[PDB]
């Protein structure tokens, strides 16, 4: 229905999805000088079940891994969340070249890609109902910095062979996404929305400070996917990222103390 071309891109979504025009849209630019450290922000911790991974697919917008959220198996707790959230799926956004690709930016710096781990509050009984609440969904956002090749990320990349084209899907199991987390757990949080239509404003964002490193070759593997079906001309699935939206005056807090700015 929508896309990332010039006729159906972000600047054209609001015409079909009113929420695109909302006041709490994501992503946003992160300027450390305008972000306050909140000492009350507690740590977040996860308990994932690698056996919970179910499918990997290509919907022509990105590549997503779907997990079994029929019950509390892979949970996210702590941080600014009121209770535990179920892991439902993770997907990526990336650019055409290594110099850009992430949706959020930290002090002007863009990364090659951004990984979004999507969770939802069971208190709301159902993902659909949860989508209606401002804190219904929680998303762990991880940046991918080019550097050392990532071993665990390779497990995921290899599977891409099975879903080169749009509309494809295949089994994917025994993969624990926490294996991709950097050593640091410091994060930034604010309330926003899904970066793709309908752009619901039901997300509590947790962006980790330390990015995950991946090799240029590995990113190359990522860009090998196609945004078009099978009996169609090869169209590379690149640039599936949304530019920053207006921060307005939303509170953006940091769980860590940044020593460089004051005494």
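Positions refer to the first chain, counted from 1.
- For the pair 7 to 15 and 248 to 256, the mean Cα B-factor is higher in 7 to 15.
- Note on 64 to 72 vs 225 to 233: mean CA B-factor is higher in 225 to 233.
- You'll see in the entry that, of 92, 142, 130, 109, the Cα B factor peaks at 109.
- Take 168, 77, 134, 116 and read off each C-alpha B-factor from the entry; 168 has the highest.
- The entry lists a Cα temperature factor for residue 207 that places it in the lowest third of the chain's modelled residues.
- Compared with the other modelled residues of the chain, the Cα B-factor recorded for residue 147 ranks in the highest third.
- In this PDB entry, residue 39 carries a Cα temperature factor that places it within the highest third of its chain's modelled residues.
- Among all modelled residues in this chain, the alpha-carbon of residue 87 has a temperature factor (C-alpha) in the lowest third.
- Annotation for residue 161: C-alpha temperature factor in the highest third relative to the rest of the modelled chain, per the entry.
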